[PDB]
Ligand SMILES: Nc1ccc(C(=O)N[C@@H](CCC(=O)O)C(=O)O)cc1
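Okay, so here's just one chain, in structure tokens, the form deposited without the ligand.
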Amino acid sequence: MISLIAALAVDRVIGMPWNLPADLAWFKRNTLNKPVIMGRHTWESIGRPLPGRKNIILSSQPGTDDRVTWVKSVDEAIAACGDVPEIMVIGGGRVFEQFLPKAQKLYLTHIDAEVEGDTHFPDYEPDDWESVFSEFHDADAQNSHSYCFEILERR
């Protein structure tokens, strides 16, 4: 099954005006040993394959890096994962919009930061997604903002 994972600021802004090592531990635990699907802009932003994971990059043009697996469509990305329990889509905004209708699980980090960004998470509605887990953490000496881990399953 497909799951989206992302860190959302106010107004669902994504993509780094914060410094959250605790969110990176949450991201690493939830994606480790699972294939990750990302768009090309996300891929160039990270700049390196996420270790311990099959990296699948969506792009309409031929691949330019043999360290990862390149695909040209959503169906081809899903097929490139094979038979795995859970597929993790990690961004960006354009890729999230295509995978939201097919996802059954949302891993969200709600960051209490006002950021004027030009990329947003899709507008998921409460009647389609039911919160099954929530965990707030205050801002501390290592995390620049307060944040809230949430897991939503399709109701």
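The first residue of the shown sequence is 1; numbering continues from there.
What comes next is about the form solved in complex with the ligand, which is not displayed.
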Site status for the ligand after superposition of its pose in the bound PDB entry: open, or blocked by 3 or more ligand atoms within 2.4 Å of backbone or C-beta atoms? open
4.5 Å heavy atom contact, residue 126 to the ligand in the bound PDB entry: no
According to a 4.5 angstroms non-hydrogen atom cut-off, is residue 101 in contact with the ligand in the bound PDB entry? no
Contact test in the bound PDB entry: residue 68 vs the ligand, heavy atoms, 4.5 Å: no
Just checking whether residue 34 would be counted as a contact of the ligand in the bound PDB entry - the rule being heavy atoms within 4.5 angstroms. no
